[PDB]
Number of protein chains: 2
Amino acid sequence: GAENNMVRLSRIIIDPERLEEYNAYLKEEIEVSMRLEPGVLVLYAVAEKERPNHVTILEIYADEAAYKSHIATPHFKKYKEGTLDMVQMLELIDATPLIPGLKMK
Amino acid sequence: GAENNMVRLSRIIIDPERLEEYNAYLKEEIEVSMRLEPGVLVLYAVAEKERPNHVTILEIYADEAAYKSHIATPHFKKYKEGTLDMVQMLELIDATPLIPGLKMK
Ligand SMILES: [Ca+2]
Ligand SMILES: [Ca+2]
Ligand SMILES: [Ca+2]
Ligand SMILES: [Ca+2]
(Lines give C-alpha, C1' and ligand atoms only; values in the text may rest on other atoms or scores of the structure.)
(Ligands and ions follow the chains in the order given, each with its own letter.)
Protein backbone atom coordinates (compact mmCIF):
# COMPACT_ATOMS: atom_id res chain seq x y z
CA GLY A 1 0.00 0.00 0.00
CA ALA A 2 1.09 3.62 0.20
CA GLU A 3 3.14 3.14 3.36
CA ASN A 4 5.74 0.74 1.90
CA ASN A 5 6.02 1.99 -1.69
CA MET A 6 9.57 2.36 -2.90
CA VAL A 7 9.99 5.92 -4.14
CA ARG A 8 13.11 7.00 -5.96
CA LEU A 9 14.37 9.75 -8.23
CA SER A 10 16.76 8.77 -10.99
CA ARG A 11 18.74 11.74 -12.36
CA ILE A 12 20.44 10.96 -15.66
CA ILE A 13 22.79 12.85 -17.96
CA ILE A 14 22.81 11.44 -21.48
CA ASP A 15 25.46 11.93 -24.16
CA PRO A 16 23.89 14.79 -26.22
CA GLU A 17 24.67 13.09 -29.53
CA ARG A 18 22.70 9.99 -28.51
CA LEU A 19 19.63 11.73 -27.02
CA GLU A 20 17.11 10.71 -29.73
CA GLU A 21 18.16 7.04 -29.51
CA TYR A 22 18.08 7.19 -25.70
CA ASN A 23 14.55 8.63 -25.62
CA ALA A 24 13.32 5.96 -28.00
CA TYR A 25 14.62 3.21 -25.73
CA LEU A 26 13.38 4.91 -22.55
CA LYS A 27 9.86 5.72 -23.77
CA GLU A 28 9.34 2.19 -25.00
CA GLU A 29 10.59 0.66 -21.78
CA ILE A 30 8.33 2.91 -19.63
CA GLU A 31 5.30 2.14 -21.82
CA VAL A 32 5.91 -1.63 -21.59
CA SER A 33 6.51 -1.45 -17.80
CA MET A 34 3.33 0.52 -17.18
CA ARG A 35 1.36 -1.90 -19.41
CA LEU A 36 2.69 -5.17 -18.03
CA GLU A 37 3.79 -4.74 -14.41
CA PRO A 38 1.15 -4.19 -11.72
CA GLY A 39 3.93 -3.37 -9.20
CA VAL A 40 5.28 -0.47 -11.31
CA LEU A 41 3.00 2.37 -10.11
CA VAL A 42 4.69 5.15 -12.09
CA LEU A 43 7.84 5.88 -14.08
CA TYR A 44 7.31 9.62 -14.73
CA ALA A 45 10.24 10.91 -16.82
CA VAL A 46 10.86 14.57 -17.60
CA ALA A 47 13.59 16.35 -19.60
CA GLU A 48 14.89 19.74 -18.49
CA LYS A 49 13.82 22.36 -21.08
CA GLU A 50 17.19 24.22 -20.70
CA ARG A 51 19.22 20.99 -20.93
CA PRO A 52 17.21 18.26 -22.69
CA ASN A 53 19.88 15.59 -22.08
CA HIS A 54 19.27 15.97 -18.32
CA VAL A 55 16.38 13.61 -17.50
CA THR A 56 14.76 13.03 -14.07
CA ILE A 57 12.48 10.07 -13.47
CA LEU A 58 10.07 9.83 -10.52
CA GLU A 59 9.86 6.07 -9.84
CA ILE A 60 7.21 4.54 -7.60
CA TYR A 61 7.15 0.76 -7.10
CA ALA A 62 4.61 -1.10 -4.95
CA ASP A 63 7.47 -2.54 -2.86
CA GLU A 64 11.11 -3.65 -3.24
CA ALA A 65 9.96 -7.06 -4.62
CA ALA A 66 8.27 -5.19 -7.50
CA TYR A 67 11.46 -3.25 -8.17
CA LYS A 68 13.62 -6.40 -8.20
CA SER A 69 11.18 -8.09 -10.57
CA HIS A 70 11.20 -4.99 -12.84
CA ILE A 71 14.99 -4.97 -13.29
CA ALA A 72 14.92 -8.68 -14.29
CA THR A 73 12.40 -8.10 -17.13
CA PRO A 74 13.40 -8.43 -20.80
CA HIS A 75 12.12 -4.90 -21.50
CA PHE A 76 14.26 -3.35 -18.73
CA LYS A 77 17.24 -5.43 -20.07
CA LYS A 78 16.76 -4.06 -23.60
CA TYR A 79 16.81 -0.49 -22.24
CA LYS A 80 19.74 -0.99 -19.83
CA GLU A 81 21.93 -2.75 -22.48
CA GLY A 82 20.84 -0.52 -25.36
CA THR A 83 21.67 2.70 -23.51
CA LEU A 84 24.77 1.63 -21.55
CA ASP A 85 27.18 3.60 -23.81
CA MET A 86 24.90 6.69 -23.77
CA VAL A 87 24.74 7.42 -20.03
CA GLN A 88 27.30 9.89 -18.65
CA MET A 89 25.85 10.18 -15.11
CA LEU A 90 23.32 8.21 -13.12
CA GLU A 91 22.21 9.35 -9.65
CA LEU A 92 19.88 7.03 -7.73
CA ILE A 93 18.15 8.99 -4.97
CA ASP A 94 16.04 7.00 -2.52
CA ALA A 95 13.32 9.36 -1.21
CA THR A 96 10.45 9.70 1.21
CA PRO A 97 7.19 11.13 -0.10
CA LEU A 98 5.77 13.90 2.11
CA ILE A 99 2.25 12.60 1.43
CA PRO A 100 2.47 8.82 0.81
CA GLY A 101 -0.11 7.73 -1.77
CA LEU A 102 -0.85 11.24 -3.13
CA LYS A 103 -2.05 10.81 -6.77
CA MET A 104 -2.20 13.09 -9.75
CA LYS A 105 -5.61 14.49 -10.72
CA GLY B 1 -5.39 18.86 -21.26
CA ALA B 2 -2.20 16.82 -21.14
CA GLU B 3 -0.55 18.68 -24.02
CA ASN B 4 -0.36 22.11 -22.35
CA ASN B 5 0.19 21.17 -18.70
CA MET B 6 2.93 23.13 -17.01
CA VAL B 7 5.39 20.64 -15.56
CA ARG B 8 8.19 21.75 -13.28
CA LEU B 9 10.63 20.37 -10.74
CA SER B 10 11.41 22.52 -7.74
CA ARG B 11 14.64 21.49 -5.97
CA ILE B 12 14.98 23.03 -2.53
CA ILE B 13 17.66 23.00 0.16
CA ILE B 14 16.30 23.92 3.57
CA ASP B 15 18.25 25.13 6.60
CA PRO B 16 18.65 21.84 8.57
CA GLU B 17 17.70 23.47 11.87
CA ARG B 18 14.35 24.60 10.45
CA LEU B 19 13.36 21.36 8.66
CA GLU B 20 10.46 20.36 10.95
CA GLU B 21 8.89 23.85 10.70
CA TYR B 22 9.43 23.87 6.92
CA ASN B 23 7.74 20.48 6.44
CA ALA B 24 4.77 21.60 8.51
CA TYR B 25 4.26 24.65 6.30
CA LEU B 26 4.85 22.70 3.07
CA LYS B 27 2.58 19.74 3.85
CA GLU B 28 -0.27 22.03 4.83
CA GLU B 29 0.10 24.16 1.73
CA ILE B 30 0.15 21.09 -0.59
CA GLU B 31 -2.91 19.60 1.15
CA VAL B 32 -4.86 22.87 0.81
CA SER B 33 -3.79 23.31 -2.85
CA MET B 34 -4.82 19.78 -3.78
CA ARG B 35 -8.16 20.23 -1.96
CA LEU B 36 -9.10 23.65 -3.31
CA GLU B 37 -7.52 24.20 -6.72
CA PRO B 38 -8.78 22.21 -9.70
CA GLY B 39 -5.84 23.51 -11.80
CA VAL B 40 -3.23 22.08 -9.39
CA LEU B 41 -2.94 18.51 -10.74
CA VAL B 42 -0.13 17.39 -8.42
CA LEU B 43 2.44 18.79 -6.00
CA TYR B 44 4.39 15.57 -5.24
CA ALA B 45 7.14 16.39 -2.72
CA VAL B 46 9.88 13.97 -1.69
CA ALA B 47 12.82 14.30 0.74
CA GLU B 48 16.13 12.62 -0.03
CA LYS B 49 16.70 9.80 2.53
CA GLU B 50 20.48 10.60 2.69
CA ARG B 51 19.88 14.36 3.02
CA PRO B 52 16.36 15.04 4.37
CA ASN B 53 16.71 18.83 3.99
CA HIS B 54 17.00 18.33 0.20
CA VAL B 55 13.41 18.29 -1.11
CA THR B 56 12.27 17.85 -4.75
CA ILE B 57 8.72 18.64 -5.79
CA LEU B 58 7.15 17.41 -9.04
CA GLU B 59 4.65 20.16 -9.92
CA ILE B 60 1.96 19.71 -12.56
CA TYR B 61 -0.47 22.57 -13.25
CA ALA B 62 -3.30 22.44 -15.80
CA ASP B 63 -1.81 25.49 -17.57
CA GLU B 64 0.15 28.67 -16.77
CA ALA B 65 -3.11 30.46 -15.72
CA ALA B 66 -3.55 27.79 -13.00
CA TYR B 67 0.02 28.36 -11.82
CA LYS B 68 -0.41 32.15 -11.66
CA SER B 69 -3.65 31.73 -9.71
CA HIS B 70 -1.92 29.28 -7.31
CA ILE B 71 0.88 31.70 -6.37
CA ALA B 72 -1.72 34.42 -5.57
CA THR B 73 -3.61 32.22 -3.06
CA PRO B 74 -3.56 32.93 0.69
CA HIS B 75 -2.32 29.38 1.38
CA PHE B 76 0.65 29.73 -1.00
CA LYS B 77 1.37 33.18 0.62
CA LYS B 78 1.43 31.66 4.11
CA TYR B 79 3.96 29.05 2.95
CA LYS B 80 6.15 31.44 0.93
CA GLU B 81 6.30 34.07 3.76
CA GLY B 82 6.55 31.53 6.57
CA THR B 83 9.51 29.71 5.00
CA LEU B 84 11.39 32.63 3.42
CA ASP B 85 14.18 32.58 6.07
CA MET B 86 14.48 28.76 5.89
CA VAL B 87 15.33 28.29 2.19
CA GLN B 88 19.03 28.15 1.29
CA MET B 89 18.60 27.16 -2.39
CA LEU B 90 15.68 27.11 -4.79
CA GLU B 91 16.05 25.69 -8.32
CA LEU B 92 13.06 26.03 -10.64
CA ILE B 93 13.39 23.55 -13.50
CA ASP B 94 10.84 23.82 -16.31
CA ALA B 95 10.51 20.33 -17.84
CA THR B 96 8.89 18.33 -20.61
CA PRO B 97 7.21 15.06 -19.66
CA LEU B 98 8.24 12.14 -21.91
CA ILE B 99 4.66 10.82 -21.76
CA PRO B 100 2.29 13.80 -21.30
CA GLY B 101 -0.69 12.83 -19.14
CA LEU B 102 0.85 9.62 -17.73
CA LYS B 103 -0.81 8.99 -14.30
CA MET B 104 0.17 7.01 -11.26
CA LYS B 105 -1.61 3.69 -10.68
CA1 LIG C 1 3.01 -0.75 -1.42
CA1 LIG D 1 29.24 13.68 -26.81
CA1 LIG E 1 -3.80 21.30 -19.49
CA1 LIG F 1 21.87 26.12 9.81
Side-chain angles (χ1 to χ4, degrees), chain A residues 1-2 5-14 19-26 28-34 36-63 66-67 69-71 73-80 82-83 86-87 90-105, chain B residues 1-11 30 33-34 37-46 56-64 66-67 70 92-105:
Chain A
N5 292 343
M6 175 181 156
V7 181
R8 192 170 72 179
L9 298 170
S10 290
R11 286 173 49 106
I12 316 163
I13 299 176
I14 302 96
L19 187 55
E20 191 189 358
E21 296 165 78
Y22 175 80
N23 282 321
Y25 277 104
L26 180 61
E28 174 178 64
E29 195 273 337
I30 291 180
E31 288 168 341
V32 174
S33 300
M34 293 295 288
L36 299 187
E37 304 188 69
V40 172
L41 306 181
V42 85
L43 298 167
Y44 193 89
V46 305
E48 302 188 15
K49 290 186 188 293
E50 289 290 331
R51 293 174 302 182
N53 66 312
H54 288 231
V55 168
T56 291
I57 312 180
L58 174 61
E59 310 168 75
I60 304 174
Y61 306 91
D63 50 35
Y67 171 69
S69 182
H70 173 67
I71 69 176
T73 66
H75 55 274
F76 182 76
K77 180 187 195 76
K78 175 179 178 183
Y79 163 70
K80 188 70 176 171
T83 68
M86 307 179 190
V87 176
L90 177 63
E91 189 180 9
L92 298 174
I93 306 171
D94 294 323
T96 304
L98 186 64
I99 304 175
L102 186 69
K103 304 300 177 184
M104 302 173 174
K105 304 179 192 178
Chain B
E3 302 294 308
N4 79 338
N5 292 343
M6 175 181 156
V7 181
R8 192 170 72 179
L9 298 170
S10 290
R11 286 173 49 106
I30 291 180
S33 300
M34 293 295 288
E37 304 188 69
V40 172
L41 306 181
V42 85
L43 298 167
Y44 193 89
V46 305
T56 291
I57 312 180
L58 174 61
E59 310 168 75
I60 304 174
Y61 306 91
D63 50 35
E64 295 184 6
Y67 171 69
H70 173 67
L92 298 174
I93 306 171
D94 294 323
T96 304
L98 186 64
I99 304 175
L102 186 69
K103 304 300 177 184
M104 302 173 174
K105 304 179 192 178

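Order of the sequence lines sets the chain letters (A, B, ...), proteins ahead of strands, with each chain counted from 1.
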Just how far is it from atom [atom1] of [X] to atom [atom2] of [Y], taken to the nearest 0.5 Å?
X	Y	atom1	atom2	value
A:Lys78	A:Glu29	NZ	CD	10.5 Å
A:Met86	A:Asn53	CE	CG	13.5 Å
A:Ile14	A:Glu20	CD1	CD	13.5 Å
A:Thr56	A:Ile12	OG1	CD1	8.0 Å
B:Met104	A:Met104	CE	CE	3.5 Å
A:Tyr61	A:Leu41	OH	CG	10.0 Å

Test B:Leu43 against B:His70 for side-chain contact (heavy atoms from CB on, under 4.5 Å), laying out the working first.
CA-CA 11 Å; B:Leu43 298 167; B:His70 173 67; 4.1 Å; yes
Please tell me if the side chains of [X] and [Y] come closer than 4.5 Å, counting only heavy atoms from C-beta onward.
X	Y	result
A:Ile60	B:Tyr44	yes
A:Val55	B:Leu98	no
A:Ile57	A:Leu26	yes

With side-chain contact (heavy atoms from CB on, under 4.5 Å) as the test, would you mind laying out the steps for A:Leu58 and A:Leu9 before giving the verdict?
CA-CA 5 Å; A:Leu58 174 61; A:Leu9 298 170; 4.0 Å; yes
Partners of A:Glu50 by side chain to side chain contact (heavy atoms under 4.5 Å, CB included), sequence neighbours excluded?
none
Who pairs with A:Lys49 by side chain to side chain contact (heavy atoms under 4.5 Å, CB included), at least two apart in sequence or on another chain?
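For A:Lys49 the side chain to side chain contact (heavy atoms under 4.5 Å, CB included) partners, ignoring immediate neighbours, are B:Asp94, B:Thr96.
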What pairs meet the salt bridge (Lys or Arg N to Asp or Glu O under 4.0 Å) rule with one or both residues in residues 52-63 of chain A, with sequence neighbours excluded?
A:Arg8-A:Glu59
side-chain contact (heavy atoms from CB on, under 4.5 Å) between A:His75 and A:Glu31, worked out:
CA-CA 10 Å; A:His75 55 274; A:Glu31 288 168 341; over 6 Å; no
Checking B:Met34 against B:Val40 for the side-chain contact (heavy atoms from CB on, under 4.5 Å) test, could you report, in this order, the C-alpha distance in whole Å, the side-chain angles of both residues, the deciding distance, and whether it holds?
CA-CA 6 Å; B:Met34 293 295 288; B:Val40 172; 4.1 Å; yes
Between [X] and [Y], which heavy-atom pair has the shortest distance, and what is it?
X	Y	result
B:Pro97	B:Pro100	O-CD, 3.7 Å
B:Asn5	B:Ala62	OD1-O, 3.0 Å
A:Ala66	A:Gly39	CB-O, 3.5 Å

